[PDB]
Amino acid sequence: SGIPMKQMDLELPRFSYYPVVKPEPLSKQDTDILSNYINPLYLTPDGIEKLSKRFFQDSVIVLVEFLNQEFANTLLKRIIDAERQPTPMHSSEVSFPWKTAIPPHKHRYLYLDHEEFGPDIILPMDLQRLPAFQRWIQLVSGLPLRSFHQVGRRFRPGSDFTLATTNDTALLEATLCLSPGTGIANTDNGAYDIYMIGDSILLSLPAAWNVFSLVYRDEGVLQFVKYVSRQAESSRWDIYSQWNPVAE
């Protein structure tokens, strides 16, 4: 028993879900578009077919060297530069358009809303909003997807985290990790992505540079990003997206 009633109003971000285009084969234009973002390794006909098979069989795939290297390089320079700057530890110190996830006992991290774009947002928020990508992920995951939302995130060291939460329905989840720090990559300092039940651990994904993880999240599975210790000396940068399967 408890008192008073559970009240969940005090919490940001609040994710709204967006429509996904219908599943179709990739066109020449689709691959032309995606080639400016993603490793050609993962865009060829047989490459995608090989991805489809590993995901069907394992219900998870982790892809090193995900983004096109030339593209990744431009992101790397920007992330290094941001890391050079004073780490914003107060809301008043956070640069537009970043926002702080609240309240502290639920989670803490800096984030970019789904639709966010601009020359100075560092994360590639436009990628997963592309119809071409939405066709790609449905092909790769073998799942027609009804809707989705993405969030660009920065987990500052000695501060940021998410706590374990459950999903009522099954979700397809993707995390594009763009964390180049040496410290963040060491799971002693946390920052790793966990999936577990109710041993319990299903997946443990360390922070990494240019790694794309795709996970079939069964209903009732716990998920969270482990608290980033001071000793990390750098942030975990990623984009986290959840997709609702067409499933009935």
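Quick note: we count residues from 1 along the sequence shown, nothing fancier.
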Worksheet item: Taking residue 198 and residue 199 as adjacent modelled residues, how many residues of the deposited sequence between them have no coordinates (none, 1 to 3, 4 to 9, 10 or more)?
Response: 10 or more
Worksheet item: If you average the Cα B factors in the entry, which is higher, 162-170 or 127-135?
Response: 162-170
Discussion item. Which is higher on mean Cα B factor in this entry, 52-60 or 205-213?
Written reply: 52-60
Worksheet item: Which of these has the highest Cα B-factor in the record: 149, 77, 154, 90?
Response: 90
Item to complete: Could you say whether, by C-alpha temperature factor, residue 72 belongs to the lowest, middle or highest third of its chain?
Response: lowest
Worksheet item: When the modelled residues of the chain are sorted by Cα temperature factor, does residue 140 land in the lowest, middle or highest third?
Response: middle
Worksheet item: Thinking about Cα B factors across the chain, which third does residue 191 belong to?
Response: lowest
Practice prompt. Looking at the entry's B-factor column for C-alpha atoms only, identify whether residue 237 ranks in the lowest, middle or highest third of its chain.
Written response: lowest
Worksheet item: Taking the entry's C-alpha B-factors for this chain, is residue 26 in the lowest, middle or highest third?
Response: highest
